[PDB]
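1. just coords:
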RNA sequence: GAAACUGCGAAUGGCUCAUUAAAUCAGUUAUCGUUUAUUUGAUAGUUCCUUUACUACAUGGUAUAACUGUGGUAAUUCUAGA
RNA sequence: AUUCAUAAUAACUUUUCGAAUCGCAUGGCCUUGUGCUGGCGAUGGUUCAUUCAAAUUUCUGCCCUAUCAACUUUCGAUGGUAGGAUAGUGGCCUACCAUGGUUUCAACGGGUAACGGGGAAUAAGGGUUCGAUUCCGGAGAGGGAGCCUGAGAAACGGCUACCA
C-alpha cells in the first residue's frame, strides 16, 4: 500500500510506498490512534513511532474513530462529523464507510509521527514548512510575543510584503477585539442613554401621577 | 417633409427625480415617420438639455399616418440622467455601450457546473491535475 | 400551505387601487406594517398609480434609495410599505404635504395638506391597557403605541397625537353630536354624525349617522372614525366630503360643470 | 475582491385534480382556546461578593473552515491525515 | 362577561435577557491625561402591541342509490373525573366510572367516468346541463410511513425505511 505521514513540527507531509507484506502485517488488528514503532517497517524508521490517524479503502471509502468491525458499513450521519459535508442545513444522510480497524483493504493509510527515532527522514524531517498565518486577535498577538496588558501590540504585528511587478508593499490583518476610543464612545453612548431614558420615564410617570391626584381632588 | 407641429402635452415637473415629464404629440403630416434623434434635437432646442438628459420611447404612429404619439422626458443634469435612466435607451442613443454577455442557458450551465466545486478550486486543481497525470 | 404568501396576484388586489386587468400576472403584495394590506396602499401605488411621478418599480426604488420621503415623520424605503388612512406623507423636493384618506368612492383620495397639519395626525384608539409595571399604555388604528395618555381617553375614541414625538394632545370622545369619517363599507368615505348608537353587547355595535344633507345611514362601529366635532373638522378635507352623490347627481354635475 | 465561514431564504411561486360525499368548500361566526420569523411602534440605572487589603472592562478564551500541502476512489455536489 | 390586564408578597429556575458587534464623523472642555465627554446610522435583543399569517372553531348548505334499515363501542364508540401531550381547547391519548350517541327530517353503507366555489352554456318566466382548467380555498409530488433543520415543512427541484 501507500503511507502518508506528517511531521507536524516542521509542518511537513510525505507519502511512501510500502509493499513489503511482512512489514505491512505489523498494522493489522490495530485501530485508529494506536501508537506503533516503525522499527520493523524500516531501519530508516528505527526508533520512530507513529499514531494511526486515518485511511481510505481500495474504492475510496474511509475509516473513522470508534466505528469498529473492520469492514464496509453504511451509517447515517450529521454535521460536525467527518466523512460528510452536509449540503443543506438540517440534513442527515446515509453513506458507506470503512471500519476504524486496520486491514488489507486499504490502498492508503495515513499517520503522524509521535516520536523521532535515530535516523533522519529526508523529505519530511529535513524540510521545515512555515505556518501560513500569525495571530490576528490582539490577545493572540499578546500571547504570541509575550506582551503585557499595556504593550501596544500594533507594531509587533506581522506584515507580508508583496511585489506588484516592482512596487513592493506590506499587508497585515485587521485587529478584532481591539479596544478603541470608538468602543469607549460606544459604551459612553449606551450608559448615558440608559440612565437618561430612565429618568425621562421617571418624570413622565411623575406628571401622570400629578394629573391623577387632581382627578381625586375633583 | 412639409413641416412638424410637434407639441408637448401634460407637463409635470419632477423634483424627486429632477426631470420634466410630458407627452410628445407629433403632427408630421406628410413625412413618414418620426426619427427619435431628430426629436431629441428639437426637444433640447425647446426646453434645454444638451440633448442627452432627454428620453423618449413610446412613439407609435396613427393609423393612416401623418401623426405620431410618444412620451418625452427632459432631465436636469445629464449625469443625473445617465444614472437614473436605464441602459437600453442609452445604448439606443449611443450614450452607452451594450455589454457583450453570454446566453442565459450558457450562464445557467456554468452555474450548475460550479454548483459542485466547494471552495477555491485551485486546490481542487492541483490534485485533479496530479491524479490525472497519474 | 406550509407558509405565508410572499406574492399577490392581480385580480386579488384591492379593487380600490384602480389598477388594470392587464400588464401582467402579479401584484405588489404589501409588506408587513401598521395598515392591513386590503386597508392599505403601497408607495409605488401612491406614486405610480396615483401621482405618475414614475413608471416602474425600478424608478420607484431608485427614488426611495435617494431617501426622498418621510412618512409620519420617518423615511421608509420599502416599495411595498402599507400606507393607509390619515397618514401624513410629505415630499421635500416638491414640498408636497399629503394626507391619506378615501374619496366618498372609498378610493384613497389625493388630499394635499399644508406644512402644518403635516405636523399632526389622528389616531383612533384600538385598546388602552394597563401595561406592566402598572403602566398604562394605548394603541392606535395605525399601529402605534403610547404610554401615559390622558386617562379620560377610552376605547373607540380618537386623539390628536402630534406626529413624531408621539405625545397625545387634546382628543375627542364618542357621544351624541360628534363628527365622523367612515372607514369601511357601503358608506365608506361618508361623513356625518352620532345621531344615535345601537349598542349590541356581545358584538357588532352600530352607529346611526347623518350627513349634512340629512341623509341617514348606519354603519359598523369599528368603521367609525371621529375626526373632530360637527361643523369642526380638526383636519383638512379632500373634495367630496363623504357626501355620497347619486350617480344621477354625479352625471348632472358632469354635464353641468362641463362647459365654460 | 474569487473563495469560503456567518446571516437570510429556499415552506413562496409554478403544475395537476388521483384522493375526498357534512369531508374540502361558499357565506357567516369565535379565540375570555393558541403560536407567530418578518414589518412597524414602544420597551431594559439593579447583572459582582460574608459588602477593606477582590474581580480583564482600555474588552477576557479557543476551535475551525476558507488556505497550505500529504492523499485515496472504475465512478458522484465522495472525502480522509497533518 | 373572566382566576383579564396588572401589581405585591414567599420561594423555585442545569438561570432567559440586560449589546465584549459594525460604518460615517469629528466636537469640546481643563486639573493637559490622550483626560473625560460628544453626533450621525448599522445591525442585533427581552416583553408588549401591530402586521403578515397559521391552527382549531359556531351556524346553514351538497349528485345518485333502500337490489344499503339499521349503525356506532375487538382495540374509544357517547359522556364524566384526573392526568399526560399539544402553541393550545379537545377521547387527541392514556387511566377509573357511566351507557350512552345517530337514524325514514334517510342515518350507516355503496356508487360517482366527484376536488368545492367563484362561474360557463342555454335565453319569456320557472328551469336544465356542465364547471379539471387564467381568482379563492383545499390535496398531491410514483404509492405509503417517519424525520432533522427552521418562526413556519410531515417539505420532496430536503432526508430516512419499505413497495413498484
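-> Alright, I've got the coordinates. Residues are numbered from 1 along each chain as shown, chains lettered A, B, ... in the order given.

2. near chain B at all, stretch A:92-99?
-> No - with CB under 8 Å from any CB of the partner chain as the criterion, chain B is not reached by stretch A:92-99; the gap is at least 15.9 Å. Placement of C-beta: from N, CA and C, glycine included.

3. Check which residues of that stretch are buried.
-> A:97-99 (16 or more other CB atoms under 10 Å in any protein chain shown).

4. Now do it: distance to the chain's middle.
-> 23 Å (CA atoms, centre = their mean, to the nearest Å).

5. got a list of contacts for that stretch?
-> A:55-57, A:61-64, A:67-78, A:83-84, A:86, A:105-106 (CB atoms under 8 Å, 6 or more residues apart in numbering or on different chains).

6. Show me the strands in chain B, by range?
-> B:5-14, B:19-27, B:54-56, B:60-61, B:67-75 (DSSP state E).

7. Tell me which of these sits most buried.
-> Most buried of these by mean neighbour count (mean count of other CB atoms under 10 Å in any protein chain shown) is strand B:54-56; its value is a mean of 23.

8. And the contacts of that strand?
-> With CB under 8 Å, 6+ apart as the criterion, strand B:54-56 contacts B:24, B:36, B:39-40, B:43-44, B:47, B:70-75, B:81, B:85, B:89.

9. Please repeat the previous calculation with a cut-off of 7 Å.
-> B:24, B:36, B:39-40, B:43-44, B:70-74, B:85, B:89 (CB atoms under 7 Å, 6 or more residues apart in numbering or on different chains).

10. and that strand, which strands flank it?
-> Sheet pairing for strand B:54-56, assigned by DSSP bridges, gives strand B:67-75 (antiparallel).

11. Would you mind getting the angle between the partner strand and strand B:5-14?
-> 40 degrees (axes from the mean of the first three to the mean of the last three CA atoms, to 10 degrees).

12. now the angle between strand B:19-27 and strand B:67-75, please.
-> Going by the same axes, to 10 degrees, strand B:67-75 makes 160 degrees with strand B:19-27.

13. Which residue does chain A have closest to chain C?
-> Here chain A gets closest to chain C at one residue, residue A:208, 4.4 Å apart by CB to the nearest CB.

14. The longest helix anywhere in chain A: which residues count as buried?
-> Determined from DSSP state H, the single longest helix within chain A is helix A:181-217. Going by neighbour count (16+ other CB under 10 Å), the buried part of helix A:181-217 is residue A:208.

15. repeat for stretch C:9-17
-> So, applying 16+ other CB under 10 Å, buried residues of stretch C:9-17: C:10, C:13-14, C:16-17.

16. repeat for stretch C:149-167
-> Buried residues in stretch C:149-167, counting neighbours by 16+ other CB under 10 Å, are found at C:149, C:153, C:156-161, C:163.

17. about what we covered before: wait, does the longest helix of chain A contact RNA strand D?
-> Yes - using CB under 7 Å from any atom of the strand, we find that helix A:181-217 touches RNA strand D at A:181, A:183-184, A:186-187, A:194-195, A:197-199, A:201.

18. related to what we said a few turns ago, in TSV: the buried residues of stretch C:149-167, plus distance to residue C:93.
-> As requested, the buried residues of stretch C:149-167 are exported to TSV (distance: CB to CB, whole Å):
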residue	distance to residue C:93
C:149	36
C:153	37
C:156	39
C:157	37
C:158	32
C:159	32
C:160	28
C:161	27
C:163	20
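
19. ok so, going back, return the member of the buried residues of stretch C:9-17 nearest to RNA strand D.
-> residue C:10 (10.4 Å; CB to the nearest atom of the strand).

20. contacting residues around that closest one?
-> Per CB under 7 Å, 6+ apart, neighbours of residue C:10: C:19, C:24-27.

21. circling back: show me the buried residues of stretch C:149-167 that map onto strands.
-> Per DSSP E, the subset of the buried residues of stretch C:149-167 in strands is C:158-161.

22. Return only those of those found close to RNA strand E.
-> Answer for those near RNA strand E: none qualify (CB under 7 Å from any atom of the strand).

23. which one among those gets closest to chain B?
-> Closest to chain B, out of all of those and judged by CB to the nearest CB, is residue C:161, at 27.4 Å.

24. out of the residues of helix A:181-217 next to RNA strand D, who's nearest chain B?
-> residue A:183 (34.1 Å).

25. and the closest residue in space to residue C:6 that isn't next to it in sequence, what does it touch?
-> In space, and not counting its chain neighbours, residue C:6 is closest to residue C:29: 6.6 Å by CB to CB, 6 or more residues apart in numbering or on different chains. Remark: with contacts taken as CB under 7 Å, 6+ apart, residue C:29 is in contact with C:6-8, C:80.

26. Select, from the residues you listed, the two members most distant in space.
-> Greatest spatial distance in these: C:7 and C:80, 11.2 Å, computed using CB to CB.

27. Those two: which is more packed in?
-> residue C:80 (18 against 11; other CB atoms under 10 Å in any protein chain shown).

28. rewinding a little: just put the buried residues of stretch C:9-17 in JSON lines and tack on secondary structure and distance to RNA strand D.
-> Shown next, in JSON lines, are those (DSSP: H, G, I helix; E, B strand; the rest coil; distance: CB to the nearest atom of the strand, whole Å):
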{"residue": "C:10", "secondary structure": "coil", "distance to RNA strand D": "10"}
{"residue": "C:13", "secondary structure": "coil", "distance to RNA strand D": "14"}
{"residue": "C:14", "secondary structure": "coil", "distance to RNA strand D": "15"}
{"residue": "C:16", "secondary structure": "helix", "distance to RNA strand D": "17"}
{"residue": "C:17", "secondary structure": "helix", "distance to RNA strand D": "19"}
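
29. In chain B, what residue lies closest to chain A?
-> Taking CB to the nearest CB, chain B has residue B:118 as its residue nearest chain A, at 7.0 Å.
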